[PDB]
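Everything on this sheet refers to the single structure shown next.
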Amino acid sequence: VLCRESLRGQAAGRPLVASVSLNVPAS
Amino acid sequence: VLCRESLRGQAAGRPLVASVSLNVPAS
Amino acid sequence: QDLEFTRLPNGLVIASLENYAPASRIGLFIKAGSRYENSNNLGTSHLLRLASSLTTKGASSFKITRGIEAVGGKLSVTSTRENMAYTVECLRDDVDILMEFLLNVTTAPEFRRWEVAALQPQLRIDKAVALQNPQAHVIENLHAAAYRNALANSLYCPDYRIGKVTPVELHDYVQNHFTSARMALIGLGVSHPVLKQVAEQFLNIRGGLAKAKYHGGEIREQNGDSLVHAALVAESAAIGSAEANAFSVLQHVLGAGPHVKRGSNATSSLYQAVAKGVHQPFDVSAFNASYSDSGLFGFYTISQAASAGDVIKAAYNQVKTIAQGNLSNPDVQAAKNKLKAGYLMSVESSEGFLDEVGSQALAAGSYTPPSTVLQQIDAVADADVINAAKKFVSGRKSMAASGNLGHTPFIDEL
Amino acid sequence: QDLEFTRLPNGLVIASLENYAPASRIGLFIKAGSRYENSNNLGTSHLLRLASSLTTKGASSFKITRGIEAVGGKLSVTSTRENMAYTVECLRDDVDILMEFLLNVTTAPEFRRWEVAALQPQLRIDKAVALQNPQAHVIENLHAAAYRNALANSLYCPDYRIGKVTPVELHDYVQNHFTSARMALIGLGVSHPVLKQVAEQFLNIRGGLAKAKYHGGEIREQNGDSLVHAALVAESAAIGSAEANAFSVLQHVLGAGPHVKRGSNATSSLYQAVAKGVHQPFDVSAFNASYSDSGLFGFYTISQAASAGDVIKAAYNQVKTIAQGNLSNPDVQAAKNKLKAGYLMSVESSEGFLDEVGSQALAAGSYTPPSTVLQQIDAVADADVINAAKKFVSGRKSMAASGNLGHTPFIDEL
């Protein structure tokens, strides 16, 4: 990341939700 | 460690001193 | 085209909605999140999340994977601090086959020694990937700093435990927390009589069952990222309190993130507050977490390493403004419209709706239609918002950071 | 048979003692410990400790090792938070050869790119071995919890930096901290005129040069050791204050460790205090650290995991007793005899004496004979001891623990 534009939307406001699957990648 | 006897003398009272050498093992 | 909801004698909630769509989607939600681990079985619910295609009483490890894939399926498992959720999607003609799978995985896993042994390194992989997103660093530490007990637990197994979660522990966790009393069986695209039927026979698991104590703390992680993440929170309010809605609105006043690609965020208090002085890459957002029995409220910065002092202060100050009165109705209107809009949008999908209906089924015991929710958001007073801000500034602080923390302040540096 | 001591114009202290022994032992002590790292070069002094046989201007990496071994030599490097010390031992006929080496390593290392690159993984080895002793966990965390700046730094490079310490950084560290002003050249078994000579020519390094701010904190490390280590400290007193001697005596009242193999420690306040109730494996000792500009004083427990609450409380209470008056002269006499005896014994050897004389040369600027020290220990009042105990109970606490911390309390649980 080298710019405000790209950086913005990273600041977290979701308490985290871990999701893992069978045939869909984890997130 | 399975006994007071062996356990005692572990409680620390020396702030730590790292010593490494040329031909003597580190401590 | 209406949500049907029932509760069994034994406490199990069932919600469905026949929308006669081509796709059917069933969730089994469970009060079984990371909060329910103690200091002795840390990481177990993580392994349990990773373990859903291990052999069950009813179907082999092979049969789960092949059977679900046969029909274009998806089986998936989500955890928060408070809940776990097992979701199956498919074409409507095959829900029978997927329900069979869902019931197997949750009702009778075997957790064979060799399979569990074998799955252990996945803990490290899944964890390692997760910790790539530095938000996860900060947020997991934050919870650990803030609480002393349940909500303190991270969702990802601690290193010392990878290799060391046992079959017995997996069993205990399921037997103790997957009980009729603590489940909600949610169903979009299926008949509610048939969900009742299924739950009556197959989810009859005999009910086999501390308040989260916020203490406040501070956790620093030195590396050299040269961008510093920091979160600063105070105790908030639990879900279901009208206080909770107050915080949510304050979040949207201060600004919880961007509405426009490449946006300047003209409307975000926090963003403009920082930006009046620091003119380089940064990001800032209000953080709001509301749990059964507690909540965290505050803001999260991403700043240059050198600038973190200047950014965190600028951000904190903005909240002090709200707390000391300075909040127009223009601002609070904007906030509510945002929250109202964002809520309705978050339930636009199958995914989102299922998560909401199941979420509520556990947390309250009921469904709140979106209209009523919006009323409750409209029902918040600017006085309530100023109070929520007041509560943060004055409340005992928890903080977590990570980065090159050279110019990152400690709590006691304000 | 007397210690000779001189200071150059340029600040370099020289102490020697011709004891006409068969072995000669030279130390070059340097105000260059871990405290002098900033958040940007963390771990550099660790690498620097490991690096002493890398190529210098005067002798190859090969020549240092072969040359020293030729004559039965030893070259060795010690760090604390505040100092580093380069020591050479040999037979007296060959000090010439070893001085040559000592001067090379400290005066003109080259820190070639390829050698430094190559030494990097040693950081991990040396660190990994060190962290085997769980005392190191607790004590390094403890310092990190207690301070915000220098004394906070661990002596072992942090993981994120292993691989990443540069030649340039090694150079800066040496050039900036190995200056005539900040060195002491100590010498047992050699002529003081010859040490002066050497130091005048070869240690003429132009003087190329924050107070440690104790804040107080708490650091927990979850694993499953089933034995819990914990240290609890309050700010203490810096070296050279008579307060310092007060704490040292309080340490020996409370009990700093065993005088008898398999001992019951009839005379250790702390030990008997714990043991009156908890009758299983444990250990406890007063912890005392006194630095240039600060100090930590408290106690360290090793308890069963389940028992840590009960042990830490029992221990803390014992200090409260001293603080609220309860200290006989019998007890304080015992304490002083211990400290007096232990001091004299700690300088019985070549090793110990050299370390003491060099230690003092940096810290004050002078030599204090053992007799004067004992006077200063005799000169402490039981009132001073009760004050030191008072200071701990009332002072702001820092704590570090590690183990299965399920029943280990937070500071704010007393």
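Residues displayed in chain D correspond, in order, to Swiss-Prot positions 36-244, 249-453.
Keep in mind that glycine also has a Cβ here, set from the backbone N, Cα and C atoms.
Straight from Swiss-Prot, the features:
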- D:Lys66: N6-acetyllysine (MOD_RES)
- D:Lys199: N6-acetyllysine (MOD_RES)
- D:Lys250: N6-acetyllysine (MOD_RES)
Here the 10 Å Cβ neighbour count for D:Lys199 (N6-acetyllysine) comes out at 14
What is the Cβ neighbour count of D:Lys66 (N6-acetyllysine) at a 10 Å cut-off, with all protein chains included? 20
I'm trying to understand the geometry here, so how far is the Cα atom of D:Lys66 (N6-acetyllysine) from the Cα atom of D:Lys199 (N6-acetyllysine), in Å to the nearest whole number? 24
Spatial neighbours of D:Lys250 (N6-acetyllysine) that are distant in sequence (at least 6 apart) but have CB under 8 A: D:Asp332, D:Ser333
